[PDB]
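In this analysis, Cβ positions are derived from the backbone assuming ideal geometry, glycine residues included, and neighbour counts consider all displayed protein chains. Bear in mind that the values in this text are calculations on the coordinates, not laboratory data.
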Amino acid sequence: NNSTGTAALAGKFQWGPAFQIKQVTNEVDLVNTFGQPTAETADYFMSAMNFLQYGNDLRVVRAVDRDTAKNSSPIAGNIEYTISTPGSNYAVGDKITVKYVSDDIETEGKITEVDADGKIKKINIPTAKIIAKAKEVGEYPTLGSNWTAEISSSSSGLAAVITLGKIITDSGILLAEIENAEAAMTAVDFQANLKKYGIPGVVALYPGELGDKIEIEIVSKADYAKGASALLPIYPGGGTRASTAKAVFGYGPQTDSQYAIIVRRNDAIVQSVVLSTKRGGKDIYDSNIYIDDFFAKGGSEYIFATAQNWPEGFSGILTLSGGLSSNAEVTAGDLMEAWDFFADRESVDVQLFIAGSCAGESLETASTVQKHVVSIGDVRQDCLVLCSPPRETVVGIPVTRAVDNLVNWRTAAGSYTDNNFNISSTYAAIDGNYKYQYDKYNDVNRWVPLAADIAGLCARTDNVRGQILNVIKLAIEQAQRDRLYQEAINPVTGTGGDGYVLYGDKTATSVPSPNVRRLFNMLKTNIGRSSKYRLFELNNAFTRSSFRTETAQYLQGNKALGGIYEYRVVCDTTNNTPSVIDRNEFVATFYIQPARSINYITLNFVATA
């Protein structure tokens, strides 16, 4: 696609998917998905955004702390409680009252499940009023001490003891990959509370406080006819609110195990569907509308649910809260776990690597992450890991100190002996100051890693250096320049106004000094893909031809278009075995010369056992 400028980016975002290679094409399409730049997200949003300016496709992976990220959920408003002593002879809508020091706060609680003897099995206390009072007096969500719960005075029956804990702030669920999808939705601990507080397993799809804005409305085939009158209750807050189901749906809930779901964010009816808790069941189109499956297959952009422990005939308003994406503390490693999603050509065809995106992070991590990212392109050698310097080193100080710093860092030397970037890959392109952009979102001028940009600037020019788009200032703008070149660092210089790329790129190594790389990288990548063909047929002398003819046609095309010159089909093609009667499997070895360079480079790719 000009050689398939597929970028690759991993970093912290305001919105999941977490640890998923979700692809992104638009700006307004990444905002939709990982959206606004927080002061902890900025350099990654930008990283993407100001790349999609030269960008076709970008593959991203959100780094979440797996230990403390949270998807908003319906659990996360309720209130700890343990039926210390089941009464006897109680019944079901016997009301419960929560007092603050012999003073009534909430009086709409109510026993909700007894057995044959009236033994209290389950209750439901609304927390709207109490968390209020509690916030109001420093006892949030601690609670416990002066907080007490008594029964109606009285229900038919006696003997009971309900004991109040704290306001649950742990949503109790985190969705990352889909291999684990509903397996987290079906964890004893999670599924436990879905029973305890008598609600369905419906959670926000992506870790993040942004999920708190979602509000599911559920109506069953039961309260659907009364769809207008039916006064849906609101969990866990409390109070009720006239249903809307029949006033939004034509095709109503069919079987008794089908439910109307209406998802809202900001009063907006973001999604409207009807699903069933019984496997097999379909709509009038034989579309499997069994909950677990529906969502199991990109069914919904917003939420995720599970038929498990879904209360029968449940109808009500679910209030998602406790949602919590924490970039707060995403450890450096938590980033490397993410990046790893790209470290195998078997799996993801990604041409470029946006890495400087960590420029801002803890100096340490600034270095050690990138350093590692290089060690992914290295071991795979189908890419370009392009990388940029740490803000510390380049933005604040004047150029005098500036360069000293950069060179120390590229070796060890002075201050950055420890957090050095002292590596040397022909795939390593480092990145040479740091850009000063404007942030249309927060509406502020901001420093961002320049690497993110040049990478898109590659998806462009040739296959995968011409002024950059939205810069408004660069950290720096002859001896040093020559020094930076040779160092194989990409500089930006400003002359007479307007800054331009000094040199074409790469942190090159043992190869001739020579754009030339992209030609070769592209050819090698394309040649290997043709390997699928090998499985198709057997290997013979003829197979030498055919494969040879196919690749040759590709190579010749490159020459005709221009890009490769002096390509001799005769002795620039493949024969794995030595020229002899004997032969072996074919490896594609080619000697190709980029148009502007009087040198032929030998590349060998092998398809063999």
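Some notes on this structure:
- Seen from a random direction on average, the alpha-carbon convex hull of region 83-125 projects onto 3.0 square nanometres.
- Calculated FRET efficiency for the pair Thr68/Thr411, C-beta based, R₀ 30 Å, to 0.05: 0.20
- When DSSP beta bridges are restricted to pairs lying wholly in region 1-155, around 70% turn out antiparallel.
- Descending semi-axes in whole angstrom, ellipsoid equivalent of region 43-106, from the Cα gyration tensor: 53, 14, 12
- Selection from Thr602, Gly316, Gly35, by position along the positive dipole direction of the chain (Cβ): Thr602
- The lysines whose alpha-carbon is closer than 19 Å to the alpha-carbon of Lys246, local same-chain residues fewer than 8 away aside, are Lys221, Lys226.
- Shape category assigned to region 347-473 from the gyration tensor of Cα positions, a/c cut at 1.5: oblate
- Average projection area in nm² (convex hull over Cα atoms of region 1-126, one quarter of hull surface): 13.1 nm²
- The order of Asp29, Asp378, going from fewest to most other C-beta atoms within 10 Å of their C-beta, is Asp29, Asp378.
- Near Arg534, once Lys and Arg are set to +1 and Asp and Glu to -1 for all other residues with Cβ below 14 Å from its Cβ, the sum equals +1.
- Likely footprinting exposure, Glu136, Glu477, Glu346, fewest C-beta neighbours within 10 Å first: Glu346, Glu136, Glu477
- Debye log10 I(q)/I(0) at q = 0.14, 0.15, 0.18, 0.25 Å⁻¹ for region 450-503, Cα point scatterers: -0.38, -0.43, -0.62, -1.11
- By the rule of a C-alpha distance below 17 Å, with chain neighbours fewer than 8 residues away ignored, the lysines paired with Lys435 are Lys473.
- Of the residues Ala204, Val219, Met185, the one whose Cα sits farthest towards the positive end of the charge dipole of region 171-232 is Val219 (charges of +1 on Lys and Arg Cβ, -1 on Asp and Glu Cβ, taken about the Cα centre).
- Value of Rg/Rh across region 62-191 [Cα atoms, Kirkwood radius]: 1.06
- Set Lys22/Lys70; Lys12/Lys166; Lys119/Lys196; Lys166/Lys213; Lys110/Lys196 screened for pairs whose C-alpha atoms are more than 21 Å apart: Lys12/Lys166; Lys166/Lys213
- Descending semi-axes in whole angstrom, ellipsoid equivalent of the chain, from the Cα gyration tensor: 59, 31, 20
- Across all C-alpha atoms in region 516-601, the radius of gyration and Dmax reach 13.2, 38 Å.
- Under Karplus coefficients 6.51, -1.76 and 1.60, residue-wise ³J(HN,Hα) of region 117-130 in Hz, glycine/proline x: 9, x, 4, 5, 9, 8, 10, 8, 9, x, 10, 3, 5, 6
- Top positive-direction residue, dipole computed over region 514-609 with Cβ charges, set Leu538, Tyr554, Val580: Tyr554
- Here the 3J(HN,Hα) profile of region 407-424, calculated from phi with Karplus coefficients 6.51, -1.76 and 1.60 at θ = phi - 60°, is 6, 3, 5, 6, 10, 3, 6, x, 8, 8, 7, 7, 7, 8, 10, 6, 10, 8 Hz, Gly and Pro shown as x.
- HN-Hα J in Hz across region 305-312 - Karplus 6.51, -1.76, 1.60, θ = phi - 60°, x for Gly and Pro: 9, 8, 4, 4, 6, 5, x, 4
- The residues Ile527, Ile454, when put in order of fewest to most other Cβ atoms within 10 Å, stand as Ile527, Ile454.
- Measure of compaction for region 453-609 (Cα Rg per 2.2 N^0.38 Å): 1.33
- Distant-in-sequence amide contacts of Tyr81, defined by a placed amide H-H separation under 5 Å and a gap of 5 or more residues or a different chain, comprise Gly165.
- Each other residue within a Cβ distance under 13 Å of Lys221 adds +1 if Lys or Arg and -1 if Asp or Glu, for a net charge of 0.
- Listed by chain and number, the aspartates and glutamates placed with their C-alpha closer than 15 angstrom to that of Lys371 are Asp334, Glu337, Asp340, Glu361, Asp418, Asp431; residues fewer than eight positions away on the same chain are left out.
- The H on the amide N of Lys435, modeled in the peptide plane, is under 5 Å from the matching H of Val448, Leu450, each at least 5 residues off or on a different chain.
- Placed amide H near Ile120: partners under 5 Å, 5+ positions off or other chain: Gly87
- For region 159-288, taking Cα atoms only, Rg and Dmax work out to 16.5, 54 Å respectively.
- Normalised by residue number, the volume inside the convex hull of the Cα atoms of region 127-223 is 182 Å³ per residue.
- Computed over region 395-531, the range of Cα coordinates on each principal axis works out to 50, 39, 29 Å, biggest value leading.
- Over 31 Å between alpha carbons, listed pairs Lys122/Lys278; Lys121/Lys297; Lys129/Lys282: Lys121/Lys297; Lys129/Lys282
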